[PDB]
Amino acid sequence: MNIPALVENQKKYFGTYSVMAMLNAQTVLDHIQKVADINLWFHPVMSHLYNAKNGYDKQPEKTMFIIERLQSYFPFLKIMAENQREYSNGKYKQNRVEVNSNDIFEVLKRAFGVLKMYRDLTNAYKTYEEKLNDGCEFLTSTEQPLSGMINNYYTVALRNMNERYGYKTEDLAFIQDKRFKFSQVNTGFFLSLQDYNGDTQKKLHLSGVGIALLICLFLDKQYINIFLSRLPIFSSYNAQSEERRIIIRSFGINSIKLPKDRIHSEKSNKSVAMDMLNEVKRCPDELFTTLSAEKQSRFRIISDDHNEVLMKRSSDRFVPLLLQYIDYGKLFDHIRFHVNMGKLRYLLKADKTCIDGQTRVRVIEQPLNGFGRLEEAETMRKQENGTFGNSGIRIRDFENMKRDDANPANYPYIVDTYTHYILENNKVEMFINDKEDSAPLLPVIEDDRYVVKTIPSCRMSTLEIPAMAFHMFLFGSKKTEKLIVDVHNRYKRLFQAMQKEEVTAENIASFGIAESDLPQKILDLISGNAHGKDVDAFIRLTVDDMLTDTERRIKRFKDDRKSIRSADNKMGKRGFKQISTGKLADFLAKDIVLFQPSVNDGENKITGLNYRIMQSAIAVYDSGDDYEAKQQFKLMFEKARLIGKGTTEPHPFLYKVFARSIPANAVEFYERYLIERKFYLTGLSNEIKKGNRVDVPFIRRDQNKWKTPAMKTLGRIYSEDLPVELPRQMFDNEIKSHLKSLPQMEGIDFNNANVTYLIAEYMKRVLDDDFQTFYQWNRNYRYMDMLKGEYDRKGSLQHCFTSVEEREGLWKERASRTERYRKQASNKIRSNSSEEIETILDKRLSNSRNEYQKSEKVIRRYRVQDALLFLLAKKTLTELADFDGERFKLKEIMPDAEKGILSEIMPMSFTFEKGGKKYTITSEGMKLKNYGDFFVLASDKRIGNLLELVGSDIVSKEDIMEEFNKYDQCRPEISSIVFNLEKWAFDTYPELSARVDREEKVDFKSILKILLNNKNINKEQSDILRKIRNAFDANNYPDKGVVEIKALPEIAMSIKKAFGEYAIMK
RNA sequence: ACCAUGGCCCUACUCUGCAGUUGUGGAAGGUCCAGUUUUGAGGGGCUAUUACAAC
Ligand SMILES: [Mg+2]
């Protein structure tokens, strides 16, 4: 088999990027090893998989971690592993429905093996390669299988293009219509991934384009673009063509995600303002989903460093941004937000026998939660001596990741975590200090074991934060804070009175809290209607609901299995069915513990580590009908005391699953579990129907839920045990009184005006502003498709893009239009039971309608949230610098704005910490829209070693960007200098040429040695050549002193020049 | 081939994340209903999701 001509003609590019591909792979493998405490197919992580089904797995938690993370960092592995399952079923005449570690291992073994081969050929002037001999083992076992896998991978990757970029059949037909001939692979197609490569046996190998594709699976998008742009793989499509962009996008769509090295930026009032403006230029994710491909394309921007960026929000950061704004601004004197500052780890037992009978370290974690301004808390968290707060306890370095560490001397320690706000369950928790300028409230640690935490004063809905921000903007943060504190103190006075039994229908109004903001139980208690929930009703209902769900799951599973055995089940298309044992094992572990009876305050039920083991054990269980492996699996549940004689709290029905025979694998186990669950619940239903009393493990009659509430008992729980739950519409009356006094707001009906409405009226009427233009763009919703009722000739339902006015009117007419929809839709089901159809449609319309309504409500919240960020950011920056900005308006903000605030030029300075050092990058003048550049530079692996060479931690942004682009241009020229050096050595010393013919591997290190021994170079020169060459392969800079360098932005250029001169030879 | 019918809760803001139990709590949050809302406003039902304690 011959090396493809594309490879031979672009050898310096294939050489460079093959090395980058292999290094990136090793990086991921190394990361996974470290985090999990475990010839790339011999890596510890890959060995683990290889051995993972050699008998009953002793480290299921590790196996499952490796399988999950490999699919995160290598997204193409989901597609290829699915193809490898289907392949094996073929080969061994099996019907395995689920992907396992053998699939993952085999895909990656082959990918790595072929990558390594091409890396070696392209990085050597002359070597012998036995592996290219036609009909050899390498070709038959590894390379030829991989070419077919890659070709099948690309079928699915092109399907993914439709989802990810909105491409239509017409857009992709120049590839999809021409890949296969009539079905063969069309090796004559210009983007064919397979070719004969002059193989006399006439078997399909990877083509040059195919080799490029394999490499690009292991590159970052930036390098995919640099690499492919050098290659003549675009037939006659030109640089600006859509076809070129489609090709390149197809080669990056599922490529490697590299683990990020942690960065910590210094925040300020200015930085927060700029983080806010860069938030509002991006598309909210809920909106992005609804937009046409053209308008989605408008958020795909080219940066200053000529890199395409998706300007889309990955999460709603409104609330954290607002908290940073308040903290860095020092705007609240008394209120402090709930922060986490790491976790305490203490070793309970070094050798704990677990429910699978394997010994493991038992480490307990407690969060270090507290209250203060993020900067002040962070200054307290890490002392100079590297201890936490005033605790004495060591904070372990972030790079040290031995979580399995069994040495008692190493414990306790605190995990190093930058102070962040705790923002879970759409809440903000806060602590109210009596005095101003209080110090951060860090938790005390007792017995090196207990973290003594503090119940928050009170908790606010994140949906209340827009009105708080708006109130802050109109009145001032101090007035805002006084109002939160006053509301809090009213609830406290109420709950104190409850505890004295001094709250009546006659005096409830005196407490100053509206009925709609009192708990129903207080309202029940003063009305004389206090009652518990009816436990028997709840049991009867729960049993019925669960029986129904059990049957739903039985059916879905039988359906999916049949679907998975079908030819029509196509990955990347919409009705694609997959059975994940991970997903099965999640269901089973939750349910097994749900049905485990509690005793002794719940101290008998499965604990955290054993839970993780049980769940993982299930996920990977697959006896080969090996008797021991079956016994081992059953034994786990015996040791958890769920089945077995002499158990006192057994699971009610799990033991039936193991009666007669042990299930052979996770899939058998899930099926049998669900059948047994169905029989248990049917029995219960039948006993309920006879009027008998039944009990289920997870309903407990002694819980307060079921009893009548008392005033005094409930008073104490509300005062002492929980945070105060702050009401919605706290700030409304004050907001409305203010706005009523403004003459521009004169013609507003304030009796039908919520705060969402009034923010928008404020922007329009007081400020002559409006929301960003992309909130007027037409949107698509399935539900509105159904209501519009428009089909193509073939008879599919059309995807409309409507305006808000259109949808207003469809919604008014939804009853009629739903009637039409159902009539047509039912016919189309029948053409492909009356009750079953009506049910199928019922669910279709409900789900769709609910999706549409929620989406529209949330986008309307994003609008006014953006108004508030814009307003606050603009206020910060107005009062900074010699900056004038009364003219700027939210309506001008756009993802690549050429006007308004984002186009303004100001000096900037970005300070951050990475790997224990602290650096600053400055600009003398920079458009606000480019502030994101700094994170891109700080994130770059080279930033550290580069700044070691500059000899300054402070550097110009423009200089570093130029340096990084010049580095990127030098890297292939390094490859060429090596090539010409090797070539000289071969021409001068025929020893080397002979060593090729005698089938020995000649490498660079060897050639340096020959050059040294014949005094073509000396040790100094040898060492430099070696070190520079290594630095470029690492995609990094060499250590200081190796070579004399110039200043930025010519460091890489100067290193390239030195290499070139040290490679001349006598 | 085309066409048609994550275990979960990360393109700097911390995935080195989240994913055991028991208790407490539904004024909040989630979810469902509909002559409800393009004004996270209101109504009705259901529900421990944030937190803390103990293990
Ligand atoms: Mg309300």
Side-chain angles (χ1 to χ4, degrees), chain A residues 34-35 64 68-69 71-72 155 169 172-173 176-177 179-180 182-183 257 259-260 262-265 267 275 309-310 312 314-315 317 320 338 369 398 401 403 415-418 420 422 424-427 429 453-456 459-463 466 491 513 516-522 568 574-575 580 582-583 585-586 593 596 598 600-612 615 619 703-704 717-718 721-729 752-758 760 794-796 804 807-808 811 828 832 846 850 853 856-861 912 932 934-936 938-939:
Chain A
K34 270 194 184 187
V35 175
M64 285 301 300
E68 292 153 351
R69 286 266 82 183
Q71 291 175 282
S72 318
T155 291
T169 306
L172 299 192
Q176 289 176 334
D177 298 3
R179 292 181 73 205
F180 300 97
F182 289 81
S183 157
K257 310 212 177 88
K260 298 167 196 184
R262 193 176 70 167
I263 288 287
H264 180 72
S265 316
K267 300 198 289 298
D275 228 63
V309 175
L310 183 61
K312 181 187 85 68
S314 47
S315 64
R317 277 185 222 276
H338 206 196
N369 298 335
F398 187 70
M401 273 182 283
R403 283 193 71 164
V415 176
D416 186 345
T417 289
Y418 285 102
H420 54 283
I422 298 162
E424 294 291 276
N425 197 50
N426 315 305
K427 305 295 189 91
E429 279 157 11
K453 289 180 277 321
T454 287
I455 298 151
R459 181 195 282 132
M460 174 177 277
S461 175
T462 60
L463 304 174
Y491 279 92
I513 306 165
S516 70
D517 303 316
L518 292 168
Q520 190 58 56
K521 278 180 200 178
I522 294 174
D568 302 299
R574 278 174 185 153
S580 165
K583 190 88 195 133
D586 173 305
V593 172
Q596 169 177 46
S598 160
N600 306 120
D601 298 333
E603 292 179 68
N604 67 302
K605 298 192 48 174
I606 300 173
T607 56
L609 181 62
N610 288 315
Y611 186 89
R612 294 177 233 113
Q615 183 181 340
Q703 292 190 237
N704 278 7
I717 291 168
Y718 290 150
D721 290 320
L722 308 163
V724 171
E725 278 297 344
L726 289 171
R728 293 288 314 281
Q729 299 81 46
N752 183 55
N754 65 8
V755 156
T756 299
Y757 174 76
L758 288 168
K794 59 195 170 184
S796 191
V804 84
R807 295 198 291 288
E808 285 171 8
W811 175 259
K828 183 134 62 218
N832 192 76
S846 271
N850 287 321
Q853 287 182 302
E856 289 297 281
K857 180 132 267 195
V858 156
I859 294 159
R860 282 200 303 286
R861 181 173 96 236
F912 67 103
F934 292 113
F935 307 98
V936 170
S939 300

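Per chain, numbering begins at 1; letters A, B, ... match sequence-line order. Only heavy atoms go into these numbers, but all of them, side chains included; no hydrogens, no water, no symmetry mates.
In this structure A:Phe935 satisfies the ring pair (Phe, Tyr, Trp, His ring centres under 6.0 Å) test together with A:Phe910, A:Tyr931, sequence neighbours excluded. Scored by the salt bridge (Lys or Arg N to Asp or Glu O under 4.0 Å) test, A:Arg860 finds no partners at all (sequence neighbours excluded). Residues forming a salt bridge (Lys or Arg N to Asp or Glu O under 4.0 Å) with A:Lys312 (at least two apart in sequence, or on another chain): A:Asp285. Applying the ring pair (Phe, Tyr, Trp, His ring centres under 6.0 Å) rule to A:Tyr611 yields no partners; only residues at least two apart in sequence or on another chain are considered.
Comparing the P positions of B:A41 and B:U37 gives a spacing of 15 Å, expressed to the nearest Å. For the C1' atoms, the distance from B:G42 to B:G35 is 15 Å, rounded to whole Å. Rounded to whole Å, the separation between the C1' atoms of B:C13 and B:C2 comes to 44 Å. Rounded to a whole angstrom, the distance from the P atom of B:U21 to that of B:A1 is 45 Å. The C1' atoms of B:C9 and B:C18 are separated by 6 Å, rounded to the nearest whole Å. B:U5 sits 28 Å from B:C10 when the P atoms are compared, rounded to a whole Å. With both ends at atom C1', the span from B:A4 to B:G43 equals 44 Å, rounded to whole Å. Between B:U11 and B:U36, the distance separating the two P atoms is 39 Å to the nearest Å.
Sugar pucker of B:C8: south, since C1'-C2'-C3'-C4' comes out negative. Nucleotide B:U11 carries a south-puckered sugar, as indicated by a negative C1'-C2'-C3'-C4' torsion. Judged by the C1'-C2'-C3'-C4' torsion, the sugar of B:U21 sits on the north side, since the angle is positive. Regarding nucleotide B:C10, the torsion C1'-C2'-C3'-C4' is greater than zero, so its sugar is described as north. In terms of the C1'-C2'-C3'-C4' torsion, B:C32 has a north-puckered sugar. The angle is above zero.
Interatomic distance, CZ of A:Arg459 versus NZ of A:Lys427, reported as 5.0 Å (0.5 Å rounding). To the nearest 0.5 Å, the span separating CD1 on A:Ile422 from CD on A:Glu429 amounts to 7.0 Å.
In this strand, B:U22 sits stacked on its neighbour B:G23; the base ring centres are under 5.5 angstrom apart and the planes under 30 degrees. Bases of consecutive nucleotides B:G35 and B:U36 are unstacked, their six-membered rings not being centred less than 5.5 Å apart at a plane angle below 30°. Stacking of the bases of B:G29 and B:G30 is indicated, with six-membered ring centres separated by less than 5.5 Å and ring planes inclined by less than 30°. Judged by ring centres under 5.5 angstrom apart and ring planes under 30 degrees, B:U38 does not stack on its strand neighbour B:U39.
A:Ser461 comes within 4.0 angstrom of the backbone, heavy atoms only, and of no base. Within 4.0 Å of A:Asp177, counting heavy atoms only, lies no atom of the nucleic acid at all.
The backbone N or O of A:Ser846 sits less than 3.5 Å from a side-chain atom of A:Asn850, completing a donor-acceptor pair. Although no hydrogens or angles enter the test, the distance criterion places no donor-acceptor pair under 3.5 Å between the side chain of A:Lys260 and the main chain of A:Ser939.
If A:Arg860 and A:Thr454 are placed on RNA chain B by their nearest nucleotide, the residue sitting closer to the 5' end is A:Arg860. Mapping A:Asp517 and A:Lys794 onto RNA chain B via the closest heavy atom, the residue that lands nearer the 5' end is A:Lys794.
Residues A:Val804 and A:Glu856 come closest through the heavy atom pair CG2-OE1, 4.5 Å.
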**Message:** If you apply the rule side-chain contact (heavy atoms from CB on, under 4.5 Å), what do you find for A:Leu463 with A:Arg861, and how did you get there?
**Reply:** CA-CA 9 Å; A:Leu463 304 174; A:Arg861 181 173 96 236; 3.8 Å; yes
**Item:** A:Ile263/A:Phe934 under side-chain contact (heavy atoms from CB on, under 4.5 Å): CA gap, chis, key distance, verdict
**Value:** CA-CA 11 Å; A:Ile263 288 287; A:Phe934 292 113; over 6 Å; no
**Asked** Where does RNA chain B pair, written as one dot-bracket string 5' to 3', with Watson-Crick or G-U pairs under 3.5 Å, ( ) inside the strand, [ ] for crossing pairs and | for another strand?
**Response** .....([[......).]].(((((...((((((.........))))).).)))))
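When RNA chain B is scanned in the 5' to 3' direction for atoms under 4.0 Å from non-hydrogen atoms of chain A, the outermost contacting nucleotides are B:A1 to B:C55.
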